[PDB]
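Note that we place each Cβ from the backbone using ideal geometry, even for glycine, and neighbour counts take in every protein chain shown. A short reminder: the numbers here are calculations on the coordinates, not readings from a lab.
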Ligand code: NI
Ligand code: NI
């Protein structure tokens, strides 16, 4: 049907120490999640068997690893990890923000 | 996997008042950064085959979703499943929205 997401209207949910998120929007094929990292918070390297993922950097910076290759990403930069692609991140500045986008939707995050 | 470094890519003209950069894509997922001049209009339209999310990162837009209007600023978003009418009017110079699609929009390449 269609929805709006008003950021101010939604709390941060705890993912783990130094990491918070908010589910932004989704359909069965497409999901956006806003993720907030303290400086030095770590997204452990991992792979998705069934989901594609793009991380778009909105604030702060991240060192992102894609299958061993590292790149420093600052606001406006992005990575894409097709499914079966190892990726991980380390946040380099306070309140680093990345938009994780997925296809299909990540039902495990509800 | 692939990286997109914004400083390495030029803006591409879409139409008057509108430029973009294709950020990243797989066959099932695509991100596009779209820049609007103030008062530039994305005329209302539907996609037969693509779900769309617009995530606002700079400036402000009035977004129309099946006749409902909201003013969206940085951090706000809309979701338009396929067959949902949506359009936008940019409210500020250099207003930026990340349009997200599934599957990818091959017509943009
Ligand atoms: Ni992931
Ligand atoms: Ni559209």
Which of the residues belonging to the range A:5-25 are crowded, with 17+ Cβ neighbours inside 10 Å and closer than 13 Å to residue B:53 by Cα? A:5, A:24, A:25
Is one or more of the residues making up the range A:44-61 more than 10 Å from every other protein chain (Cβ to nearest Cβ), surrounded by fewer than 19 Cβ atoms within 10 Å (Cβ to Cβ), farther than 19 Å from residue B:5 by Cβ and away from ligand 1 (no atom under 16 Å from the Cβ)? no
Of B:67, B:17, the only residue that is touching a residue at least 40 places away in the same chain (Cβ under 8 Å) and at positive phi is B:17
Residues of the range B:84-109 being free of Cβ contacts under 8 Å to residues at least 40 places away in the same chain and more than 10 Å from chain A (Cβ to nearest Cβ), which ones? B:106, B:107
State the number of residues belonging to the range B:82-100 that are under 14 Å from the mean Cα position of the chain (by Cα) and surrounded by 18 or more Cβ atoms within 10 Å (Cβ to Cβ). 10
